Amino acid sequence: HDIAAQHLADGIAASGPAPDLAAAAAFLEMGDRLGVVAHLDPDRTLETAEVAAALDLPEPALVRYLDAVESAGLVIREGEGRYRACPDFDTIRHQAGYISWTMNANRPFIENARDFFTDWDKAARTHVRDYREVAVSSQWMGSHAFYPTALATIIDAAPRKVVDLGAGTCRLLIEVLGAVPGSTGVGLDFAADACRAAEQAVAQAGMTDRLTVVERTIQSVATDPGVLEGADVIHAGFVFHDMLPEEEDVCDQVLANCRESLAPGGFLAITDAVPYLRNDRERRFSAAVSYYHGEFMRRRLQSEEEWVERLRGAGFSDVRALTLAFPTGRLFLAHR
């Protein structure tokens, strides 16, 4: 009893927040794969009869899942068959994003490291990340750690035209056009699924005449930069590093074309990951990001000094670097 009480207090201190985070991440990744997490919100209820039909799940199984997440404190049962997310659900979901990204999205690298160390080329084509999991976990991490800064910076500039390179479902552009009256936008993406999803979301928002979705590569902007002309802001979120070190010349031409294409006073806003930071807050997650990129994906992450030298080499007059809450994430504002 006395020995057990001391071990209890010691063990609680040692475990800290890891049981809570471990549980949240597993429930939310499972729920997201089922399509349930998208219907969970702190300001409205999920009706199980309707959601089970929408997701093609047996309602008794959905109810048992929701009762387990209710017991966990992640949702509140309002009436029979209705559940609301807990008040701080979005922060819990944000935190879970880091765990999902390292442990789920990058799982092929965790499990097959011996293969990548022996024959990288064979391992890289065999052990491939599920890009739906990469995207969702990135979005959850971004919600509170990089997306708000990029959003507010673009809105505060009061732009007439915004171009997003690697726009995906054009969520950022739709929200910028909603806040800046009279603004136009171009959402460039090389995936058919993403451009079709962006098209339906643009139509739903009622801004098809203002927001144009184009299915093409960022690399095609080096030879064909017409879509960038007159842009007040050009945004590129965690995309440029995928062109380095193999497509460096094409990357530099895309950057020089961005500078020359901007309207006076315009800027190119790049969010990207800098390698292996030493400061206490950032170093652990910085090393995970840097190692997965360098060792497993062979994509070159640039320091702030490298990014500034590359951006000034593309003709930009001044470059500002801003620290994001996302560890190792930096926002570079390259002024024409």
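All residue numbers refer to positions in the sequence shown, first residue = 1. Each form is matched to the other, and the largest set of C-alpha atoms that superpose within 1.5 Å is called the rigid core.
In 5 other deposited structures of this protein, superposed on the rigid core, the segment with the larger root-mean-square CA displacement between 85 to 93 and 209 to 217 is 209 to 217. Taking 259 to 267 and 145 to 153 in turn, the stretch whose Cα atoms are more displaced from the shown form in 5 other deposited structures of this protein following rigid core superposition is 259 to 267.
Checked against the record, the higher mean CA B factor of 95 to 103 and 210 to 218 lies with 210 to 218. Across the two stretches, 307 to 315 and 27 to 35, the PDB entry reports the greater mean Cα temperature factor for 307 to 315.
In this entry, the residue among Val134, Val186, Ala124, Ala72 with the greatest C-alpha B factor is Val186.
If you compare the C-alpha temperature factors of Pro108, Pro87, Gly182, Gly79 in the entry, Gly182 comes out highest. In the PDB entry, a CA B factor belonging to the highest third of its chain's modelled residues is recorded for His1.
Ranked by C-alpha B-factor against the other modelled residues of its chain, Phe190 falls in the highest third. Remark: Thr118 belongs to the middle third of its chain, ranked by C-alpha B-factor as recorded. In the PDB entry, a CA B factor belonging to the lowest third of its chain's modelled residues is recorded for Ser138. Remark: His144 belongs to the lowest third of its chain, ranked by C-alpha B-factor as recorded.
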